[PDB]
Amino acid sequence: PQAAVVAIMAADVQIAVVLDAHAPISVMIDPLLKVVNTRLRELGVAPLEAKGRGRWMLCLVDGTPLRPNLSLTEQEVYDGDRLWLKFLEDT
């Protein structure tokens, strides 16, 4: 199976992970928030939590969200790429 090594930024912390390169983002986001939170908790950092209603997304440096329905590969996210896990509140 193909994999991508990505850097995830969450709460000013970088976390390296190995992710399936072919799955849609949609099926990785909630799973990734849980691994993230495990790492933050070991660092005694407050886990990431849903301010009200809204959507967790993986974002480029400029705020651009990945498409939920496409893979990392299809979106040109490769080894060493960095993504920000961000919550968008619905207001």
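Residue indices: 1-based, along the sequence shown.
Judged by mean Cα B factor in the deposited record, 40-48 ranks above the other of 40-48 and 59-67.
Stretches 24-32 and 49-57 differ in mean C-alpha B factor, with the higher average recorded for 49-57. When the CA B factors of the chain's modelled residues are split into thirds, the value for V77 lands in the lowest one. Among the modelled residues of its chain, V17 has a C-alpha B-factor that falls in the lowest third according to the deposited record.
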